[PDB]
Amino acid sequence: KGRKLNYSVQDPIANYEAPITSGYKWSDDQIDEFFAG
Amino acid sequence: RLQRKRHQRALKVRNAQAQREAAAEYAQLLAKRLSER
Amino acid sequence: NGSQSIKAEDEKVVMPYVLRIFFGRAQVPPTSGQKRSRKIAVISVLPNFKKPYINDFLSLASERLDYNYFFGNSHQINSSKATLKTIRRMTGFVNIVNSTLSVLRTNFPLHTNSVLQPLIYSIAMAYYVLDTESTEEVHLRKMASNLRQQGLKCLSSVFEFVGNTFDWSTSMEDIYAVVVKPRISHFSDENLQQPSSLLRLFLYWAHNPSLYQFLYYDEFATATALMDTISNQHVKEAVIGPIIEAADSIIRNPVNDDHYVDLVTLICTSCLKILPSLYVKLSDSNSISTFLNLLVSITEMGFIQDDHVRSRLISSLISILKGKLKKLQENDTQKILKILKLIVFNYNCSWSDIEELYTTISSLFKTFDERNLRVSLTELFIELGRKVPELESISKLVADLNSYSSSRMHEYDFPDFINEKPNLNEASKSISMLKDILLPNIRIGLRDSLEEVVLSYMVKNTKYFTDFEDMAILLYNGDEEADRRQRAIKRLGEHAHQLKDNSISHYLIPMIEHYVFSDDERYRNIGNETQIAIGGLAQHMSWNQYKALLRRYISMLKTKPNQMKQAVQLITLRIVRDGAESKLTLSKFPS
Amino acid sequence: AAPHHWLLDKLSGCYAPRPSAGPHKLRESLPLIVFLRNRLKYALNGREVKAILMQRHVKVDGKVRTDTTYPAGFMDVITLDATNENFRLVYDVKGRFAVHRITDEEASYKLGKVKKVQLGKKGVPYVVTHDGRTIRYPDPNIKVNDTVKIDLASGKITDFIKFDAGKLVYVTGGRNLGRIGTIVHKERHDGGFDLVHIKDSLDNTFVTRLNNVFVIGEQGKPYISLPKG
Amino acid sequence: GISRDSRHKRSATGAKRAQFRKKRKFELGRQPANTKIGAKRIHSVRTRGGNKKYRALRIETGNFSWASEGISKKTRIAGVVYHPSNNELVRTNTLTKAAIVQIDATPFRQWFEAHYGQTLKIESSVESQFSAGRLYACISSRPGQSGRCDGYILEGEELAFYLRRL
Amino acid sequence: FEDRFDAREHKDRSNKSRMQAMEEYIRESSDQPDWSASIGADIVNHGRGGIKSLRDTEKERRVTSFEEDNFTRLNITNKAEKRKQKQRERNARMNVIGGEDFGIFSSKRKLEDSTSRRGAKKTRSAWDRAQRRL
Amino acid sequence: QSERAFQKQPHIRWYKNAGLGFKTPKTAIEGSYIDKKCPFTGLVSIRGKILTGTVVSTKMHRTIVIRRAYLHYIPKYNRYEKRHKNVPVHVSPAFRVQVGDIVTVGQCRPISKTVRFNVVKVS
RNA sequence: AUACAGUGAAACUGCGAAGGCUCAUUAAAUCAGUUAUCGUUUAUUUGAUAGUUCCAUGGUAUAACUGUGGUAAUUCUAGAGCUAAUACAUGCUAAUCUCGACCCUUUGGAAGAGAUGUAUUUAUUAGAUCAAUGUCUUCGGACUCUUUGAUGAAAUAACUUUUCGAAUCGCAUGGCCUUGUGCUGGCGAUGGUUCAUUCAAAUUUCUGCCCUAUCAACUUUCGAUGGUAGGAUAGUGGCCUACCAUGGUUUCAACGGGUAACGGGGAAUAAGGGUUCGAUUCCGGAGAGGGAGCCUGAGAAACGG
């Protein structure tokens with residue numbers, strides 16, 4: 001289990017991308033009233 | 001062209017009658033060494 | 001294109017038997033000529049037309065080898081094959097001696113015979129064509145002159161065809177029509193027979209059963225002629241016994257003894273050959289030797305002799321009683337041979353054998369004392385059975401001592417032949433003493449004491465189970481005998497057996513000292529026992545390297561003393577092997 | 001830039017002649033330019049030794065082999081046609097190439113240490129030597145480090161010298177390189193310092209390897225002639 | 001592939017401060033060509049002079065050997081069920097050396113019926129495949145180096161030797 | 001361990017121990033003559049150089065022997081000449097007075113350490129020195 | 001004696017001999033042990049040199065860690081500081097080597113990253 | 001010299017350049033010797049080394065070259081038309097080898113049976129005996145246990161898109177009468193498959209001068225230590241990956257600390273008096289603007305893509 005699942009932090013991917021604020025065009029209330037069931 | 005066809009065939013059969021006879025001619029000397037050993 | 005056609009042959013089986021027979025029929029329709037050559041023979045043939053025929057035979061060989069079970073065989077292919085074979089024979093035996101196209105058509109004919117034998121190699125018990133006699137008479141009229149042609153170590157065209165024809169059920173109709181076994185037996189009784197003679201003998205031995213199960217009286221007389229060939233080929237399986245395939249001889253001789261009893265001289269020759277089957281080669285196995293002795297007994301149960309084969313069977317039992325191999329199976333067959341040998345010596349032998357071999361009972365020790373009190377005058381097989389019981393067969397120890405003493409009593413009551421019998425007793429006791437036995441070594445020592453009937457006290461004190469004062473008196477007796485080649489070799493062999501790598505006992509230094517003292521007392525006898533001293537030093541030198549070298553080193557050092565006394569006496573010999581053994585000792589020094 | 005074996009004077013030049021590839025190795029041979037030009041001095045420079053090589057006077061091992069840097073190693077008999085020059089060159093006692101002069105019946109052959117015997121292909125016994133003469137069919141009792149005698153007209157082995165205790169051996173390699181006398185001792189170890197040991201004037205002792213030694217004859221009778229002083 | 005050198009890794013003593021060298025030509029690790037089933041395509045790569053190397057990727061015509069008589073005959077490939085040099089290799093169904101792959105054994109049927117006559121002495125758990133058609137057989141040849149798919153059939157001892165495993 | 005071919009130990013050195021005082025005493029007690037030149041023939045540049053030293057005329061004799069022996073003139077090879085000819089002639093006009101070099105008397109180098117007081121025949125036993133005398 | 005897949009067998013029960021003064025035990029000639037890298041049956045061939053010493057640890061299987069102390073004539077501080085060496089070695093079916101046990105090994109064909117030696121003798 | 005014939009711009013060709021500067025500081029891991037590779041590559045050097053043939057010579061497609069042109073422009077170009085090969089690629093080819101039923105005795109083999117390769121990758125096996133100078137001589141023999149030697153502990157069933165069985169030349173008209181080049185017929189260089197050697201490279205055994213315990217732990221944190229199999233390899237190899245075991249080095253100096261590591265280690269020549277100046281190979285690895293990927297070759301992660 002040596003090289004298997006190193007839970008470390010890696011240098012070039014720490015800022016490889018950037019997030020997005022709104023993201024999903026739905027609402028989270030639309031998620032809840034989408035899969036209530 | 002045809003004189004080359006004479007000479008090619010003659011050198012080929014002479015090469016056979018030299019090599020394939022000399023090979024057995026020292027294989028019989030191996031047979032003499034094996035009989036004397 | 002040879003590799004391409006080999007690929008086409010390796011993939012030329014995917015279609016059914018109808019399409020395979022259709023492709024074979026198209027191959028047959030190249031140069032068949034069934035309108036011209038299905039009657040007797042061909043009309044005409046050419047070099048390139050025989051090359052189409054040689055290619056047709058090669059394509060038949062390739063097709064049979066590809067489909068080597070069914071082959072899509074047809075009578076059109078058979079007629080084309082017979083036409084090609086007859087045209088090859090006709091062209092080869094009718095063309096003039098120029099040998100180029102003749103050897104081409106001859107290697108066409110041998111390959112066509114090989115392709116013909118391939119058809120019976122592939123589809124033997126499938127077709128069994130009822131119009132066989134057409135091709136049979138064609139090939140017979142072709143190869144009439146092949147009488148002794150197939151007699152070699154590798155001649156297997158017509159010999160393999162004859163073996164195929166003889167190893168069938170109903171395809172022996174062409175065999176029993178006129179002759180197959182006649183020419184086969186001519187080349188079999190040829191005197192320059194190589195090791196295909198055993199193959200032909202096994203083929204006729206297997207083929208006599210089809211000729212016996214055949215209801216035809218012609219095949220019954222042919223089976224009689226096969227038995228007559230087994231009687232007229234009484235030198236082939238004798239002279240060709242160079243391998244361990246003697247089970248074919250033992251399987252024919254049992255078959256012959258179970259089948260045909262035709263002459264008393266034939267039965268005597270069979271018994272003398274099966275006596276040579278145990279007195280010719282020592283590499284005969286248990287089942288083969290048992291069946292050979294049982295076949296000799298089966299010929300003797302029919303037509304034995306009264307003096308000559310009586311003594312031959314008595315010598316057979318005198319060897320088989322010293323053998324007694326394979327957990328008393330050979331002993332039971334030897335008892336049957338002694339009860340079938342039909343003499344007064346054989347009657348006493350069967351009595352004294354059945355009275356001891358009664359399935360692991362006390363009747364052995366009963367019968368030893370019985371024949372001791374009622375000592376028989378045959379005594380040869382009696383000494384054999386009482387020396388096998390004196391050997392390493394655990395029971396009858398005192399009975400073995402009484403048997404040796406009674407043999408000595410008979411050898412003294414003779415007062416010549418029974419002294420030569422005592423020479424055989426001593427030559428048996430020598431190999432008994434040079435062995436790893438325990439009871440039989442003591443029995444051989446008791447036999448040495450009975451032959452000795454100071455020295456007798458020495459022998460009985462060497463066999464005294466005390467070994468300290470006993471070995472001291474043995475050393476003193478060697479000193480008195482110092483102050484005999486085989487005799488001192490036997491005494492030193494018994495001493496070396498009692499001190500033979502038994503390193504769980506003390507005084508091994510004095511034991512090896514007594515061995516070397518007896519060796520020195522034999523080496524003083526230079527006119528007789530110098531050779532025995534050289535042999536004893538040689539056996540001790542072999543033991544100096546054979547896996548144990550502690551006491552054998554002191555044995556070498558103390559057997560050097562004979563050389564020291566001899567060189568002091570000389571003050572001619574063989575320096576060469578002595579110096580080479582000195583070099584071997586110097587090589588053992590660099591160990 | 002030179003080795004020690006060539007007997008090469010230092011006041012010669014800057015670039016030393018690398019021998020080309022050939023029978024022997026680089027480290028155990030001298031080329032023809034350092035042979036003819038500056039040892040027995042049949043030339044004065046590379047131009048005229050190439051000139052006499054184009055003229056083809058040299059007949060080393062019975063063949064011409066016109067080349068400047070042809071690596072003549074141990075006992076290749078250099079043969080020169082004019083003034084019937086027959087030269088067998090061996091090792092002296094201090095590491096150089098002593099080139100002895102011999103005669104025609106001695107230059108009609110050479111000898112060679114056998115390196116390995118092989119069942120190579122198609123049932124053919126096989127033998128190699130330091131010039132690599134793959135000659136057919138010797139007897140089965142050719143061990144390693146024995147000595148064949150080459151024919152030098154054809155290639156066949158004519159005589160054979162068995163390697164055993166009590167044979168006259170020549171040592172080419174290590175700190176014993178070029179000694180003769182072959183008897184004080186025999187010692188075959190199991191992987192190193194394994195040999196037959198060689199005497200001296202006071203019969204001193206010496207250690208070498210198996211592959212660094214090879215036999216030349218018997219105790220008093222080598223059929224090679226040897227130089228003296 | 002990458003490499004063949006001890007310089008990138010630690011020895012039996014535990015050393016550090018490697019930072020060694022630009023890697024040479026003779027540390028050449030080529031890419032692992034996982035040979036599969038497809039249409040027969042062998043890449044002819046070069047190394048060490050004219051040392052052509054056959055890198056097989058989609059080979060089919062396996063020459064698999066009847067064991068008790070040694071009859072190497074031609075057949076197809078189905079799939080490897082067990083090969084724990086990589087337990088995902090059998091999930092992805094590639095074809096490497098020493099793998100146990102399944103074969104439609106119809107030419108072995110043809111050879112048995114051709115050199116024995118009848119159809120079906122041989123073991124029963126391979127007689128079941130004599131009847132059905134798919135027999136287990138293990139690859140001997142190297143398609144990643146020699147480019148070929150040769151193999152040997154499973155007959156009895158080696159059969160149970162793998163069937164008890166998986 | 002094992003042997004390794006060493007030309008530096010079977011090479012003729014003979015120069016670590018060649019001292020001019022010992023060599024001069026040997027030339028004195030030699031009892032065979034010395035091959036000296038006709039007297040003017042050994043001065044060099046009309047007297048602009050020295051006479052020439054004994055080592056210089058030995059080296060000159062060696063160079064002319066090699067010269068005639070393989071038919072080649074030696075050269076004006078720049079690095080070796082800028083070392084050896086200029087440094088040699090400057091220490092020649094320093095230390096060679098009238099054909100005799102007096103450089104050695106101005107030089108620390110122990111005689112008995114290297115060139116005398118034998119090392120192989122060291123005789124480190126009373127018995128070995130007794131047998132070396134008798 | 002089969003704890004792994006992929007037809008554990010000799011590779012052409014099987015038996016050979018390297019020669020050169022090293023015995024082959026009778027179970028290693030005819031026995032059920034596979035001898036994959038034990039040189040008596042093996043796949044490897046022998047060459048090189050042969051080294052001898054006692055052991056330190058035989059903890060893992062197919063790892064024989066020899067020790068080898070040897071004399072060296074030190075001229076620096078004119079006293080002999082004592083040598084020590086280590087070498088891993090594959091097993092043989094002739095001796096379960098425990099602590100002590102001076103044994104010897106022959107050079108052949110690198111098996112792991114650091115082993116070129118395999119046991120040929122125990123005494 | 002009416003199919004070639006000397007000069008020869010520009011084009012194909014054979015080869016040439018066949019080993020040159022700067023920058024950051026590696027402690028037997030850079031280096032030197034040595035052991036080995038039946039653990040492996042190899043152009044060139046050298047020695048050796050080929051037997052499957054059914055009813056008078058094989059095909060278009062490109063140059064150079066002409067011709068029409070484009071573009072500011074290149075060792076940038078495109079159409080059209082021809083034309084040659086040691087370029088491409090399909091294909092023409094006598095009978096000899098052993099065992100010898102028979103021998104007519106020497107001029108001895110006629111019949112029959114068995115033959116016939118390489119290159120690639122798969123399995124079974126050939127890879128215990130007999131001869132005397134002697135056991136007993138019964139002056140005959142079963143003889144190996146003794147006394148010594150010997151054969152001896154590639155033959156075959158298949159794949160592969162398989163290479164070949166001379167379209168090279170020179171010297172020598174030479175022998176034969178198959179009635180015309182009817183057979184030519186003798187030798188040598190270049191070929192040509194394969195092996196070994198040599199060359200070189202890669203690994204690998206061991207040996208080799210700083211002070212170092214205020215460096216006492218390191219190694220599993222580029223597998224640590226080994227086993228089994230596969231991949232990749234020129235092959236050996238945890239070199240890489242699956243699974244498994246928890247190993248391995250060390251106070252008999254692990255591992256770690258730096259420079260007069262622009263200095264040192266023989267790395268080597270030594271000099272007829274300079275005693276650590278005084279000959280050289282190498283400081284470590286890189287780099288062709290910067291990292292990355294690919295290609296060529298007997299040899300390369302090319303000073304020239």
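Residues numbered from 1 in each chain as written, not as in the entry; some residues may be left out. Chains lettered and ligands numbered in written order. Part of a larger assembly, values for the part shown. Heavy atoms only, no water. Residues with missing side-chain atoms left out of burial classes, pairs and counts.

Per the deposited record, determination of this structure is attributed to cryo-EM, with the resolution reported as 12.3 Å.

Trainee: For this particular structure, what's the right way to read the overall build of chain D?
Mentor: Of the regular secondary structure elements, chain D holds three helices and 13 strands. Whereas a compact globule of 229 residues would reach a radius of gyration of roughly 17 Å, chain D reaches 18 Å, a difference of no more than 12%. For chain D, the spread of C-alpha atoms along the principal axes amounts to about 50 × 50 × 30 Å. By residue count, 45% of the 229 residues in chain D fall in the buried class. In chain D, once contacts between residues fewer than 6 apart in sequence are set aside, the share between residues at least 24 apart is 45%. (Helix = DSSP H or I, 4+ residues; strand = E, 2+ residues; numbered from the N terminus. Rg over C-alpha atoms; globule rule 2.2 N^0.38 Å. Buried < 20%, exposed > 50% of the residue type's maximum accessible area, 1.4 Å probe, protein only. Contact = heavy atoms within 4.5 Å.)

Trainee: Looking at this structure, how should I read the overall build of chain E?
Mentor: Each helix and strand counted, chain E has four helices and seven strands in total. Each helix and strand of chain E, ordered N terminal to C terminal, gives the series β-β-β-β-α-β-α-α-β-β-α. Its C-alpha atoms give chain E a radius of gyration of 20 Å, more than 25% over the compact-globule value 15 Å for 166 residues. With respect to the three principal axes, the spread of C-alpha positions in chain E is 70 × 35 × 25 Å. Working note: accessible area of chain E is about 10,500 Å², and carbon and sulfur atoms make up 50% of it. Each charge sign in chain E was given a centre, from 33 positive and 13 negative side chains, and these centres are 18 Å apart. (Areas by Shrake-Rupley, 256 points an atom, 1.4 Å probe, with all protein chains shown as cover. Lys, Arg positive; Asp, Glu negative; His and termini not counted. Charge placed at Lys NZ, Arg CZ, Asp CG, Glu CD.)

Trainee: Would you take a moment to explain the domain arrangement of chain D for this structure?
Mentor: Residue and element names in this part refer to chain D. Each domain of chain D was delimited in the assignment, giving domain 1 (1-105), domain 2 (110-160) and domain 3 (163-229). The interface of domain 1 with domain 2 comprises eight residues on the first partner and six residues on the second. Broken down by class, the residue content of the side of domain 1 that touches domain 2 amounts to four nonpolar, one polar and three charged. (Domains from an automatic or database assignment. Nonpolar A, V, L, I, M, F, W, Y, C, P; charged D, E, K, R; others polar.)

Trainee: What exactly am I supposed to notice about the packing of helix α14 (residues 247-259) of chain C against helix α16 (residues 286-303) of chain C here?
Mentor: Residue and element names in this part refer to chain C. Where α14 contacts α16, the two axes come as close as 9 Å, and the packing angle between them is 25°. By the angle between their directions, the pair α14 and α16 is classed as roughly parallel. For the element pair α14 and α16, the recorded crossing hand is left-handed. Residues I250, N253, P254 and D257 of α14 touch α16, and the partners they reach there are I288, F291, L295, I298 and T299. (Axes fitted to C-alpha atoms, helices over the stretch in contact; angles between N-to-C directions. Parallel < 35°, antiparallel > 145°, perpendicular 65-115°, else oblique. Left-handed = near helix turned anticlockwise from the far one by under 90°.)

Trainee: In this structure, what is going on with the domain arrangement of chain E? I would like to understand it.
Mentor: When the parts come together, some accessible area is lost, and that loss is often what is quoted as the size of the interface. All names here are of chain E. Split into domains, chain E comes out as domain 1 (1-30) and domain 2 (31-105 + 134-166). A straight line from the C-alpha centre of domain 1 to that of domain 2 covers 32 Å. With five residues of domain 1 at the contact, the number on the domain 2 side is eight residues. Looking at the side of domain 1 that touches domain 2 residue by residue, the classes come out as two nonpolar, two polar and one charged.

Trainee: In this structure, what is going on with the arrangement of the chains? I would like to understand it.
Mentor: There is no contact between chain A and chain B; across them, the least C-alpha separation is 64 Å. Nothing in chain B touches chain C, and the closest approach of their C-alpha atoms is 18 Å.

Trainee: Honestly, the sheet that holds strand β4 (residues 71-75) of chain E in this entry has me stumped. Any pointers?
Mentor: Within a sheet, each strand pairs with its neighbour through backbone hydrogen bonds, oriented either parallel or antiparallel. Residue and element names in this part refer to chain E. The five strands lie next to each other as β4-β3-β7-β6-β5, forming an open sheet whose pairing is mixed. A strand with exactly one partner marks an edge of an open sheet, and here the two such strands are β4 and β5 (100-104). Strand-to-strand twist of the sheet, defined as the mean angle between neighbouring strand axes without regard to direction, takes the value 40°. Where β5 lies against strand β6 (residues 134-139), five bridges are found, and the strand directions are antiparallel. Bridge assignment links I103 to a residue of β6, and that residue is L135. Those strands touched by helix α2 (residues 106-115) are β3 (62-66), β4, β5 and β7 (150-153), and its axis lies near 40° from that of β3. (Pairing = 2+ DSSP bridges.)

Trainee: Would you mind going over the side chain of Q102 of chain E with me for this structure?
Mentor: All names here are of chain E. Looking at the element boundaries, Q102 is found in strand β5. Separated by 2.5 Å, the side chain of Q102 and the backbone oxygen of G79 make a polar contact. In this structure, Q102 is in contact with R76, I77, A78, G79, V80, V81, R134, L135 and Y136, ignoring residues within four places of it in sequence. (Polar contact = N/O pair within 3.5 Å; in protein donor to acceptor, adjacent residues only side chain to side chain.)

Trainee: How should I be thinking about the sheet that holds strand β9 (residues 168-171) of chain D in this particular structure?
Mentor: Residue and element names in this part refer to chain D. One open sheet accounts for three strands, arranged β10-β9-β13; its pairing is antiparallel. The sheet terminates laterally at β10 (179-180) and β13 (213-217), the two strands that pair on one side only. Where β9 and β10 come together, two bridges link them in antiparallel fashion. In the sheet register, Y170 faces β10, and the bridge partner there is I180.

Trainee: Could you clarify how one ought to interpret the packing of helix α11 (residues 197-213) of chain C against helix α12 (residues 217-232) of chain C in this entry?
Mentor: To describe two helices that pack against each other, one gives the angle between their axes and the distance between the axes. Residue and element names in this part refer to chain C. In contact at an axis separation of 7 Å, α11 and α12 are set at 150° when each is read in the N-to-C sense. As the angle between them shows, α11 and α12 are arranged roughly antiparallel. Like other packed secondary-structure pairs, α11 and α12 cross with a definite hand, here left-handed. Within the contact between the two elements, α11 uses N208, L211 and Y212 and α12 uses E219, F220, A223 and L226.

Trainee: Help me out: how do you make sense of the environment of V90 of chain E in this one?
Mentor: Residues and elements named next belong to chain E. Here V90 lies in helix α1 (residues 89-92). Each C-alpha atom of the pair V90 and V101 lies 9.8 Å from the other, and the pair is eleven residues apart in sequence. Those residues in contact with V90 that lie beyond four places of it in its chain are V80, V81, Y82 and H83.

Trainee: Would you take a moment to explain the packing of aromatic side chains for this structure?
Mentor: Ring geometry for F35 of chain D versus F87 of chain D: centroids 6.4 Å apart, planes at 75°, classification edge-to-face. Taken as a pair, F35 of chain D in helix α1 (residues 32-36) and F87 of chain D in strand β2 (residues 85-91) lie far apart in primary sequence, 52 residues in all. In textbook terms, an aromatic cluster arises when at least three aromatic residues are bridged by ring pairs, as seen for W66, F108, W111, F112, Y116 and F130 of chain E. Lying across the ring of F206 of chain D, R179 of chain D places its NZ or CZ 3.7 Å from the centre. Between the NZ or CZ atom of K49 of chain G and the centre of the ring of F193 of chain D, over which it lies, the distance is 5.2 Å. (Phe/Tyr/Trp six-rings, centres within 6.5 Å; stacked < 30°, edge-to-face > 60°. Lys NZ or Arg CZ within 6 Å of the ring centre and 35° of its normal.)

Trainee: For this particular structure, what's the right way to read the interface of chain D and chain F?
Mentor: Across the boundary between the two partners, chain D contributes 16 residues, which contact 13 residues of chain F. Grouping the amino acids of the side of chain D that touches chain F by side-chain chemistry returns five nonpolar, six polar and five charged.

Trainee: Quick question: what am I supposed to make of the pattern of salt bridges here?
Mentor: In a structure, side chains of opposite charge can pair up when their charged atoms sit close to one another. Of the charged contacts in the structure, one is a salt bridge between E21 of chain B and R20 of chain B, with a shortest N-O distance of 3.4 Å. When the shortest N-O distance is used, the salt bridge between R73 of chain F and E67 of chain F registers 2.5 Å. Here the residues in one salt-bridge network are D5, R7, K23 and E27 of chain E, joined through shared partners. (Salt bridge = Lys/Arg side-chain N within 4 Å of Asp/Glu carboxyl O.)

Trainee: I'm lost on unusual backbone geometry in this one. Help?
Mentor: Most peptide bonds adopt trans geometry, and most residues besides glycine take a negative phi value. Residue and element names in this part refer to chain C. Here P415, not a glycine, exhibits a phi torsion of approximately 45°, which is positive. By the element assignment, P415 lies in the loop between α22 (397-413) and α23 (417-433). We note that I571 has phi near 55°; this positive angle belongs to a residue other than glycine. Within the fold, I571 resides in the loop between α30 (551-570) and α31 (575-588).

Trainee: Please clarify how the side chain of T182 of chain D should be interpreted in this entry.
Mentor: Residues and elements named next belong to chain D. Secondary-structure assignment places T182 in the loop between β10 and β11 (185-187). Of note is the side chain of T182, whose polar atom sits 2.4 Å from the backbone oxygen of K167. For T182, the side chain forms a polar contact with the main-chain nitrogen of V169, separated by 3.1 Å. In this structure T182 touches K167, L168, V169, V196, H197, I198, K199 and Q219, once residues within four positions along its chain are discounted.

Trainee: What is the right way to read the pairing of strand β2 (residues 51-56) of chain E from this model?
Mentor: Both faces of the sheet carry side chains from a regular strand, because those side chains alternate between them. Residues and elements named next belong to chain E. Alignment of strand β1 (residues 42-47) against β2, held across six bridges, turns out to be antiparallel. Counted as the bridge partner of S44 is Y54 from β2. In this structure, the hairpin formed by β1 and β2 is closed by a connection of three residues, where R48 is found at a positive phi of approximately 50°.

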